[PDB]
């Protein structure tokens, strides 16, 4: 039982001698760092300036001399390590600092991919894909109570289009509307300039510009986005360009797949170990063994949570390890009590798509039969309904209509519904050309708004989806049906949980930031999701309808204390019972907000019960990765020699980085998509230090089960639903806030139990 990390032990001195002086104003720090450049490493921390001489020779420094033992205060040498790592790799220039980030000197994958595919072109060599390495010194705990410093290795790819803008024109590339960035970067200077309107020899005209409305073609380049790459490439190769991307995919897997990433990390450690890393000209560090997460010795640093169970009844008898297998054999969790067994669903669609939309609906409601066994039975029999009645609502609109599409949809909805009875849900079919119009004329958001105001949740769909070939459609219809059922108030499934306390509430907060363009300043909105422990099951609670970032800490505390009060009345807690409240977000809460939340919650429930509270952040973009060298992977497809998820830790592996932090593996080989899929990154689960409930292994596993609770998809989500649902709610309510005639009035009435945000 061992999981290998992407990091190496750093052997450091037991101790280092430093000169300290009080420096209450941190504004003086930058000038002093410049004054002692080259001779002293300088560092501010908690009101005092620390001075570590790294080269003999003045200037000199006042203050108290002090011994800083590395085992007690490893922040000092961790920081010096940032700069020292750069100094030890003089020939690899920093493209970013702390963490030291640099490029491979000779690797360039566009060229290697062209050669291997059999492609060529004069401008190709101006398109570059260069491996990118970062070295992050991090404090970790090899066992509880003892800290050390490791250096963790991560790899990405720099995408850059260095081609002059003049050239791309004369090859046929339409630069109209493409984003453009500076070539020369200056500290404190933005890179994005704006969009491209037209080119007049010397300079290019900008719209949606950040500042300057004009730039010299020599001072600007296309941003190295996938969009710009694909736009330029296919306009010089297609339909051969897909062969390039394939070949590029192949090249990248040579650095990103499990075995290749482990080998790249190994070679990085070997290169870094070959000489001591001077922290001072008489003081050396040394890169050592690859860090491991094991249970060898006095270390208890790796466990494997049990497989999540999908449960489809309240006794626990009907369960499965996959959502779809279990749903297809048992039907939904709430089948015995689901009230509306004959839903009427409004279908809003451009009239010119009538025949394609009828094909889609037949497949949805009545199934695709056993040639497409992913969706044979159809929505009605899948969910145990008696039938579905469609209320067909054609709309006289064409894809070329980019200004009046939304008014046409909404007028047709108004006229159809006025003459009909109540409908319980709606399906809205969208032209691809309309899906991403600005919200003032986007039919997705206007039909969503109109129908949610009226208390009618909608499942929308774009025409390319409606036209998927059947082998793909069957999977689309699994997800479509799960979300639609939940939108009709259904509960498709739960996940197992054995209650060990009398009640447990989990609340999540998610963020959305909305703007009409990148130029425009983004405005923030928030959502709140709640999950309750039931008898053997986690149950989804009610959801926020208000969404302003201002006062979000008050909203968390109001939602928790209101929920605790209703939970106490409903369940009638006994003297001595224990109640647990967990908070989830992608950022940590302020200590002051934790204290406010704890205080109010503690007073609301009172002294008759014991309160346990934990505040948890879930991170996706950290420098840690896990390698399971015992995992050989699975066939890329039945019978193939290629494999996928080689070295991928199993789903539910939990590794201890420190007392407050766990690494959670979510994407197992079974879930990994393709042979070239990179080695996955685990989630980093961090407990807020002021939490009164301290078991972060338990909280990591809880977050695991909540990825399996998403009714957007048959497959688990990338983050627990407490955060994911809140992000979807924040985005939708934030966009709706600016739609004329929107009202939230039905979100707690007709839609109180509808998962209308999926």
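Residue numbers count along the first chain shown, from 1. Rigid core (definition): largest C-alpha set, two forms, superposition within 1.5 Å.
Take 587 to 595 and 231 to 239, fit the other structures onto the shown form by the rigid core, and average the C-alpha distances in 7 other deposited structures of this protein: the farther stretch is 231 to 239. Between 186 to 194 and 126 to 134, greater CA displacement relative to the shown form is found for 186 to 194 when the structures in 7 other deposited structures of this protein are fitted on the core. The stretch with the higher mean CA B factor, choosing between 91 to 99 and 170 to 178, is 170 to 178.
Averaged over Cα atoms, the B-factor as recorded in the entry is higher for 421 to 429 than for the other of 421 to 429 and 406 to 414.
Ranking 282, 661, 449, 491 by the C-alpha B-factor listed in the PDB entry places 282 at the top.
Listed residues 325, 267, 242, 441 were ranked by CA B-factor as deposited; 242 comes out on top. The PDB entry assigns residue 186 a C-alpha temperature factor belonging to the highest third of its chain's modelled residues.
Among all modelled residues in this chain, the alpha-carbon of residue 745 has a temperature factor (C-alpha) in the lowest third. Per the PDB record, residue ranking by Cα B-factor puts residue 714 in the lowest third of the chain. Among the modelled residues of its chain, residue 652 has a C-alpha B-factor that falls in the lowest third according to the deposited record.
For residue 34, the recorded CA temperature factor ranks within the highest third of the chain's modelled residues.
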